[PDB]
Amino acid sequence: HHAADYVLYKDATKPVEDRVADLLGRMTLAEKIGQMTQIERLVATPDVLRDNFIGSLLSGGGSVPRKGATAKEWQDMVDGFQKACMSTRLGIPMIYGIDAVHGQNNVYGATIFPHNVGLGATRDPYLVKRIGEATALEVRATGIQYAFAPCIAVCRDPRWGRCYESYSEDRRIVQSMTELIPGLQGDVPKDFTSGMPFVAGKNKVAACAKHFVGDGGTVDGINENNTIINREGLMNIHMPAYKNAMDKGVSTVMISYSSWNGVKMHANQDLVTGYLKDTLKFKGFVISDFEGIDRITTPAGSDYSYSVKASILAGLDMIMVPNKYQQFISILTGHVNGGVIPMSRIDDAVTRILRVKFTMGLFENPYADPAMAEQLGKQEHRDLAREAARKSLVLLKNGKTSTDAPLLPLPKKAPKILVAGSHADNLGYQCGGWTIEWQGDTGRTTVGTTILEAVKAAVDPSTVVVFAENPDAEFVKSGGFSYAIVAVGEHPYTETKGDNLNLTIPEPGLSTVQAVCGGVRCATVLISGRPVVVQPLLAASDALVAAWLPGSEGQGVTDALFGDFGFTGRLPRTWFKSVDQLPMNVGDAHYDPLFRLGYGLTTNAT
């Protein structure tokens, strides 16, 4: 269809399947295996991308061009990499992926949304789709096309360091939150075939249902460990949200580090090929986790040859190498050349990677759009996040006896009030993990509003606000305070650093709460990624709020504390009495919760 140098794969009016086949039929083995290779930006250069025909780049946690980098600096990095890839013989654009898992969270000045567990508390799948929408805009502002989200793990033991990344222990709630997908990607059209990949265009991003499958079901919530459960439990708890993901056209699926009844997920041909591909009819691409194939073996990386064979034969399409790309490429090339991996397996992986790239419009818009840069940290999106933070809060207690005046909502006018605790004026702590750094961080790491700042912004001008991080009891008693807001809880963590067998918040926490509440009527805001031991915190407090990891917009906290909106959130998990009860989930036989799933007190706007 027209000029004499016409190449069908480059014709944007042809059907995606036609473009895929046309390109595929021209590629060498080296160009094919290059598509299946994703590398970290830290090892990428123009010659490496060009000479190995690389298919994808990512930024892992905290992998950034520099600290404080603008949206424009991100776009230029990405475009730099893309220009190298476009200069190959076939000019196959790369796709760049990142963990935008509560906003575009590696990026300075990006809106940071509440983490998933909070989002579960809102029971509001439309809110979540809207967060999808806004997140895609902030991701594209940085020139990125691909977000490794949502995590649709069903966390079954809060001792897991990734429990905050799961919407709920109830798979019904996780299923309903897969609306993040069409938020990120766009609504699939009228007559869409379930399992097809979809992205609407250059203002949307490819998504990633992760981590397939049973990541949330591991023994004692040990991260990357074994999930021991029969097929029926696997299918009825851990799988259903992947099917909803198929119906919404999720573009990619990332495989889990975890194992199911002893089999590494990265080596499981039955689940990856037999079930995801052949039974759910997934036509997008399947990507490893970060050195996921290495960890097939014990020790990890001790037989990389096997790692490659097993993972690729299992059915994985793209490998998040992400550093030793030369070895990965050499090994896979060697296995194809020796007939150990058939060309049909290679052609299938490449067919899928290209399908996603063509379908999302990457060949037509390989480069970043500088007018999208101003979407980073947009106030409209912060106002959404603030809404989400407010809706996520669960009021556990609001008065020490059923006869006391309720403490919340608090009046904005009072001569003098106290704000206290390690989490009252600490942005990093209120964002938690996967914020600027991989593990999150402490203090003022990005743009936002801490609890203290939000209080100051909310109160009557005549109200005197005093901050003290960890005051003693005499300070409180002597201070002439009308009430106190005290914020404490967990430090930021991510993956295995967060695995925790005791779930007790660090000190000082409880002792500040005791000191403060012993001198004045107090509202304790508890910041955590999960239920933690809370009886002592309850005994001391007039009111206690479980605010999860609410993100950059701390005004969502005060919106509820001061009565602009009523508390409506409900526990998306069971709150245990004791860690020895664990695992303990709603529907279990000796369900003995401190607070059951669904619990939450309410208030009315004032």
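Each residue number is its position in the shown sequence, starting from 1.
Asker: If you average the CA temperature factors over each stretch, which comes out higher, 563-571 or 576-584?
Answerer: Averaging CA B-factors over each stretch, the winner is 576-584.
Asker: With respect to the recorded C-alpha B factors, which stretch has the higher mean value, 266-274 or 70-78?
Answerer: Going by the record's values, the stretch with the higher mean is 266-274.
Asker: Kindly indicate the residue among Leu503, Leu354, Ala388, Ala141 with the greatest C-alpha B-factor in the PDB record.
Answerer: Checking the PDB record, the top C-alpha B-factor among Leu503, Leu354, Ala388, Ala141 is at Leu503.
Asker: According to the deposited entry, which of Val286, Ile222, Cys208, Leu180 has the largest Cα B-factor?
Answerer: Answer for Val286, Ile222, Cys208, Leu180: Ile222, with the highest C-alpha B-factor.
Asker: Which third, lowest, middle or highest, does the CA B-factor of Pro93 fall in along this chain?
Answerer: Lowest third.
Asker: What third of its chain, lowest, middle or highest, does the C-alpha temperature factor of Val459 fall into?
Answerer: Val459: CA B-factor falls in the lowest third of its chain.
Asker: Quick check for you: using the entry's CA B-factors within this chain, is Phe475 in the lowest, middle or highest third?
Answerer: CA B-factor rank for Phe475: highest third.
Asker: Lowest, middle or highest third: where is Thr28 by Cα B-factor in its chain?
Answerer: Top third by C-alpha B-factor.
Asker: Thinking about Cα B factors across the chain, which third does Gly195 belong to?
Answerer: CA B-factor rank for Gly195: highest third.
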